[PDB]
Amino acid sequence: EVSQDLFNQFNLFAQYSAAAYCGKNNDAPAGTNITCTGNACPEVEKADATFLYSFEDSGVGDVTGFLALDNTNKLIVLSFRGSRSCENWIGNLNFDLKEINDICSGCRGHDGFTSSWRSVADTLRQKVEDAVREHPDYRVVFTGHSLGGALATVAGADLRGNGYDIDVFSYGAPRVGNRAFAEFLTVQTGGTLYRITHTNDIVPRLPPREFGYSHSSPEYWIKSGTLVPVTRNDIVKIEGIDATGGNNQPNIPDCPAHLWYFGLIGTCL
């Protein structure tokens, strides 16, 4: 179980994550209102949420998403688009672990995710920082589904410690680095990581532990099924680095489970 307040936040940032897949939300003019095709992001649409910056195939890593200003909720939200792909990104991106000592000593991270973030980090840092200066009472939140949640995690770990908090909400994110990095993400000051998983979603089970990857603690495990509305009683907090009580169980994994985090995610055209 989680509190109604935390539940509301999880639901909201799931929809900010879903919104990053809508193609119109990656080429939107600054200052325009954020909307989604169909029913992908009603909690976002119902807010005074507008684009600060919308980006597509940005940097050598081709990162896609948006930066939003939400006056209703007093948020600055950086949302990274993930992928439709359950498995193929294992074959298509470099899962070698690269040194990231500039983030944390002895830390290593996925080459692809880290390289991709690095290619856009200066530009996105400056935009986030400008927004913070204009709205110092607003909360900075980085979010994303799947590979987007991995990017949000790396980005948050990198940009914390510069005078404003960064919270991260990830949905169905893969592991992002080694045990040192997982430990760092468990204790890092300057914001909170909320790492959310669903039932037997395959993506948070990748890359394998035996590729040298570990998950940070804790985990917020959604136990309700695919296409089942989530209640606060359906979310279990699982403690421990590489804990096995939640998503990380030795049973058959699933791809459809990856697409249901409070509502459909990865399906907005």
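All residue numbers refer to positions in the sequence shown, first residue = 1.
Peer 1: Averaging the C-alpha B factors as listed in the entry, name the stretch that ends up higher: 151-159 or 93-101.
Peer 2: According to the entry, 93-101 carries the higher average C-alpha B-factor.
Peer 1: Looking only at CA atoms, which has the higher mean B factor in the entry: 49-57 or 230-238?
Peer 2: Comparing averages over the C-alpha atoms only gives 230-238.
Peer 1: Using the entry's values, work out which of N251, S17, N11, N25 has the largest Cα B factor.
Peer 2: Most elevated C-alpha B-factor of the set, per the entry: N251.
Peer 1: Maximum C-alpha temperature factor per the entry, among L75, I196, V187, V176, belongs to which one?
Peer 2: Of the candidates given, the C-alpha B-factor peaks at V187.
Peer 1: Could you tell me which third, lowest, middle or highest, the C-alpha B-factor of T64 occupies within its chain?
Peer 2: Its C-alpha B-factor, which the entry lists for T64, ranks in the lowest third among residues of this chain.
Peer 1: Relative to the other modelled residues in the chain, which third contains the C-alpha temperature factor of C107: lowest, middle or highest?
Peer 2: It falls in the top third of the chain.
Peer 1: Among the chain's modelled residues, which third holds the C-alpha B-factor of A243?
Peer 2: CA B-factor rank for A243: highest third.
Peer 1: If you rank the chain by CA B-factor, which third does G172 end up in: lowest, middle or highest?
Peer 2: It falls in the bottom third of the chain.
Peer 1: Check where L124 lands among this chain's C-alpha B-factors and tell me if it's the lowest, middle or highest third.
Peer 2: Its C-alpha B-factor belongs to the middle third of this chain's values.
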